[PDB]
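Written below as structure tokens is the structure these notes are about.
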Amino acid sequence: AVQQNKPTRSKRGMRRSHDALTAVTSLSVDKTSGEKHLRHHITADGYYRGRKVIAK
Amino acid sequence: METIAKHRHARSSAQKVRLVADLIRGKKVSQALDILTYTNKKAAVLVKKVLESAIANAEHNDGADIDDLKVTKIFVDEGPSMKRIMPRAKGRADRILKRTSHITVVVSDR
Amino acid sequence: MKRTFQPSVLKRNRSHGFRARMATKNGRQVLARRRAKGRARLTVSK
RNA sequence: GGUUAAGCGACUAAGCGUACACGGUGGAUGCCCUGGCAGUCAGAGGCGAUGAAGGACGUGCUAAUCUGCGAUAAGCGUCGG
RNA sequence: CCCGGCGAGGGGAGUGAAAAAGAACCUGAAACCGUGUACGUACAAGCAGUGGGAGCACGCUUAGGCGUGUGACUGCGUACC
RNA sequence: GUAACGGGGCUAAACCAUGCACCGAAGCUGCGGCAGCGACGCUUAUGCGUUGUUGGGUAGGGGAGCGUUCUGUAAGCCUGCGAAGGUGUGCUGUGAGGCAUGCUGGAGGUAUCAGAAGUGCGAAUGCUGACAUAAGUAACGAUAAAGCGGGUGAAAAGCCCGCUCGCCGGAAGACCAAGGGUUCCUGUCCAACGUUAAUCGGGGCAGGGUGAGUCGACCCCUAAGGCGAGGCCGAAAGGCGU
RNA sequence: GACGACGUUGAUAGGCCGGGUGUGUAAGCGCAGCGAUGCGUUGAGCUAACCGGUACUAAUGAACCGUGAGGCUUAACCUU
């Protein structure tokens with residue numbers, strides 16, 4: 001139920017070798033507005049594939 | 001030239017912040033801002049403000065060029081902890097530690 | 001669950017009040033001890 | 001120089017270890033004493049119904065606490081410095 | 001004066017012998033947690049050291065075949081009270 | 001799980017007899033060094049020429065030393081041309097240690113020979129403070145339930161407004177005593193507090209709010225019981241009671 | 001996590017169209033009856049995950065990672 005010995009700081013680091021985050025590879029650019037956005041997502045101004053979807 | 005920005009006594013554990021800090025070490029400031037903008041972490045908001053402050057300091061206090069800036073050094077240090085009490089069952093009491101951290105960002109044109 | 005402390009102002013003063021302590025020789029000695037120690041609140045009067 | 005075969009063989013570090021450099025956390029050490037401790041030589045050995053010891057509430061150009069004071073309320077008269 | 005939410009927290013300027021004395025403030029040790037550099041480590045089994053010892057990096061040096069850090073491989077080796 | 005040579009293996013690398021080599025310990029020898037105890041040269045206020053011999057060690061006995069704080073020597077000596085303390089490096093002694101010096105620090109330190117002790121820490125499920133581990137793991141407190149539009153804002157699943165949905169309804173509605181004591185209303189703020197965010201709050205700060213001849217208390221009367229002038233009783237304190 | 005299919009030169013998912021299956025004669029209207037009900041229109045209406053089809057909606061042009069002929073020695077071969 002509980003440990004018999006204190007784990008070392010090296011073992012702690014090994015367990016955390018899979019905790020690193022992954023950054024986004026790249027961002028898409030809209031044809032008309034020309035701002036960066038997540039792929040398959042609308043832009044901040046309210047654009048998607050140069051169609052000007054609802055902004056409000 | 002090297003410019004420094006700091007955020008001391010930030011309400012976040014050092015371990016959590018270090019996850020976001022490792023994503024922008026050695027990257028260009030323009031690319032670093034993009035990475036932080038699309039990271040769903042609370043520490044990302046804190047780090048982004050410090051990075052922006054460092055860029056402003058170089059532009060104003062040193063007359064540097066934004067396009068030439070780059071994140072050369074970034075590290076997070078543990079700060080003072082706040083002690084609290086959390087009641088448990090059968091009259092037992094436990095100690096709660098609210099951890100803080102210091103965030104340092106260095107931007108240079110080299 | 002009913003607990004041991006059930007407050008009641010009237011019973012508090014009649015049991016540990018200033019006049020209750022002054023009505024007996026032993027009670028008066030309690031005040032003398034607390035006066036010597038320097039207690040800011042001699043009794044539970046208020 | 002080319003082809004094939006056989007034998008041999010560096011450059012990787014997701015992480016970790018040791019050494020050094022530079023930091024964070026933390027408040028040890030050194031230095032410091034308007035606080036304590038133990039005595040010596042002299043004082044005074046009692047206060048109170050002319051209201052005591054100890055308290056409550058008030059009192060300032062004054063919101064709070066401390067000190068002083070008591071509706072004459074951080075003070076009044078008189079004699080000296 | 002500048003970034004920021006007329007924030008928090010910082011970077012300049014100025015004061016001072018000193019701001020790495022900035023009010024979380026003299027000196028600022030250890031446990032503990034980080035960034036950078038050199039070397040070792042992903043076919044090898046156990047109190048983690050000790051004796052032997054290659055290679056690599058660096059500082060010297062009239063190359064003087066030395067010093068410092070690291071430690072592939074190998075003999076022996078089951079903490080303290 | 002081979003498991004009755006340690007193993008590989010061996011027809012000698014097994015056994016018996018004889019002989020000659022070699023390996024093998026901190027044992028013995030060789031070279032350098034230190035110390036104890038003996039006798040010798042009457043050496044000397046003793047070290048040697050020498051000279052032999054000894055030196056594992058618990059309980060325990062004997063002998064000799066290191067360092068720390070304080071007092072005298074000291075109205076001396078060192079020190080802002082940088083003291084104590086902190087952190088490295090080099091040298092040095094048989095050991096506890098000592099000396100010099102770079103950086104940090106910014107005002108005290110102290111020879112020699114004597115004197116006095118709150119004089120040396122790894123352990124006592126020792127005491128106090130600080131910081132690790134498990135671990136970014138368990139958990140976030142009744143399974144009555146939420147969905148969308150607009151507003152405010154640096155930021156809205158949680159705040160405000162609106163339309164639906166769901167739950168209690170002999171309560172999860174309304175009014176009081178006891179108890180608490182400003183939690184009440186308005187403006188303003190978001191560090192800490194709220195088990196998340198927060199513009200919101202029983203949170204921070206400032207101002208405002210409690211109006212009685214008839215309600216309650218006080219007041220008049222007494223129950224259980226308490227106290228009790230004299231009194232009765234008891235070493236004192238004190239007990240009972242008109 | 002992984003593994004398989006597909007991304008407009010497209011049937012991957014939803015919707016839509018047809019069918020099947022399940023339930024068992026919808027609503028409205030008309031007729032009979034004082035009425036509850038019954039009968040006709042009618043095996044009607046509705047129908048999840050299934051079968052066969054269909055680009056109506058969503059699967060965007062890009063960007064990113066991964067390179068540029070691949071060590072030494074020896075023998076046999078090219079030039080048995």
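Below, chains carry the letters A, B, ... as their sequence lines are ordered, and counting in each starts from 1.
As judged by a 4.0 angstrom heavy-atom cut-off over every strand, B:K83 is placed among residues touching the sugar-phosphate backbone only. Among the heavy atoms of the strands lying under 4.0 Å from A:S10 are primed sugar atoms or P, OP1, OP2 only; no base atom is included. Residue-level contact check: C:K11 touches neither bases nor backbone, having no heavy atom under 4.0 Å from any strand. Residue C:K46 is classed as having no contact, given no heavy-atom separation below 4.0 Å to the nucleic acid. Nucleic acid contact for B:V76: sugar-phosphate only, since backbone atoms but no base atoms lie under 4.0 Å from a heavy atom of the residue. Heavy atoms of A:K6 sit under 4.0 angstrom from at least one base atom. Contact annotation for B:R84: backbone-only contact, meaning every heavy-atom pair under 4.0 Å involves sugar-phosphate atoms and none involves a base. As judged by a 4.0 angstrom heavy-atom cut-off over every strand, A:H40 is placed among the base-contacting residues. Among the protein residues, B:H7 comes within range of the nucleic acid bases, having at least one heavy atom under 4.0 Å from a base atom. Across all strands, B:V50 comes closer than 4.0 Å to no nucleic acid atom at all (heavy-atom distances).
The shortest distance between the side-chain N/O atoms of A:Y47 and the OP1/OP2 oxygens of G:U60 is not below 4.0 Å. Dashed line: the shortest gap from a side-chain N or O of B:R8 to OP1 or OP2 of D:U25 is under 4.0 Å. Side-chain nitrogen and oxygen atoms of C:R12 include none within less than 4.0 Å of the OP1 or OP2 phosphate oxygen of F:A178. Residue B:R18 has no polar side-chain atom (N or O) positioned under 4.0 Å from OP1 or OP2 of E:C33.
Across all strands shown, the partner of D:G15 is E:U41, judged by Watson-Crick or G-U wobble contacts whose two distances both fall under 3.5 Å. The nucleotide F:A14 finds no pairing partner, because no Watson-Crick or G-U wobble arrangement with both distances shorter than 3.5 Å includes it. Look at F:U89: its Watson-Crick or wobble partner, with both distances under 3.5 angstrom, is F:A100. The nucleotide G:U37 finds its pairing partner in G:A32, both defining distances of the Watson-Crick or G-U wobble pair being shorter than 3.5 Å. Applying the Watson-Crick and G-U wobble criteria (two distances, each under 3.5 Å), F:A111 pairs with nothing in any strand. Look at G:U73: its Watson-Crick or wobble partner, with both distances under 3.5 angstrom, is D:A6. For E:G5, there is no paired base (Watson-Crick or G-U wobble, both distances below 3.5 Å).
No Watson-Crick or G-U wobble pair links F:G208 with F:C77 with both defining distances under 3.5 Å. The bases of F:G153 and F:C165 do not line up as a Watson-Crick or G-U pair with both contact lengths under 3.5 Å. The base of F:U128 does not engage F:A64 as a Watson-Crick or G-U wobble partner with both distances under 3.5 Å. The bases of G:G40 and G:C29 line up as a Watson-Crick or G-U pair, and both contact lengths stay under 3.5 Å.
Side-chain atoms of A:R39 and base atoms of G:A62 include a donor and an acceptor less than 3.5 Å apart. Counting atom types as modelled, B:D77 pairs a side-chain N or O with a base atom of D:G23 as donor and acceptor under 3.5 Å.
In terms of the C1'-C2'-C3'-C4' torsion, F:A117 has a south-puckered sugar. The angle is below zero. North is the pucker class for the sugar of D:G54, given a positive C1'-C2'-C3'-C4' value. The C1'-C2'-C3'-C4' torsion of D:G70 is negative, so its sugar falls on the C2'-endo, or south, side.
Counting heavy atoms from C-beta outward, B:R25 and B:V71 have side chains that stay 4.5 Å or more apart.
In this structure, B:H9 counts as stacked on the base of E:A24 under the 5.5 Å centre distance and 30° plane angle limits.
No continuous path of hydrophobic side-chain contacts links B:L69 to B:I4 [ILVMFWY only; heavy atoms under 4.5 Å].
For the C1' atoms, the distance linking F:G9 with F:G57 amounts to 47 Å, nearest Å.
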task: Tell me, with the steps shown, if B:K70 and B:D109 meet salt bridge (charged side-chain N to carboxylate O under 4.0 Å, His left out).
output: CA-CA 6 Å; B:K70 177 200 313 313; B:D109 67 333; over 6 Å; no
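Of the residues near RNA chain D, A:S17 and B:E78, the one whose nearest nucleotide (by heavy atom distance) lies more toward the 5' end is A:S17.
Summarising the geometry, the separation between CG on A:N5 and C1' on E:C47 is reported as 12 Å, rounded to the nearest angstrom.
Judged by ring centres under 5.5 angstrom and plane angles under 30°, D:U59 does not stack onto its neighbour D:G60.
B:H9 and B:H102 have their aromatic ring centers within a separation under 6.0 angstrom.
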Set out, line by line, the N/O atom pairs under 3.5 Å between protein and nucleotides 135-142 of chain F.
from	atom 1	to	atom 2	distance (Å)
F:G136	OP1	A:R15	NE	2.4
F:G136	OP1	A:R15	NH2	3.2
F:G136	OP2	A:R16	NE	2.6
F:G136	OP2	A:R16	NH2	3.1
F:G136	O6	B:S13	OG	2.8

Taking N or O atoms only and anything under 3.5 Å, show me the protein contacts with nucleotides 2-5 of chain E, one pair per line.
from	atom 1	to	atom 2	distance (Å)
E:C2	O4'	B:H60	NE2	3.4
E:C3	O2	B:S53	OG	3.2
E:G4	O2'	B:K49	NZ	3.0

Below 3.5 Å, can you tabulate the donor-acceptor pairs from side chains in residues 77-97 of chain B to any protein atom, sequence neighbours excluded?
from	atom 1	to	atom 2	distance (Å)
B:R88	NH1	B:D94	OD2	2.9

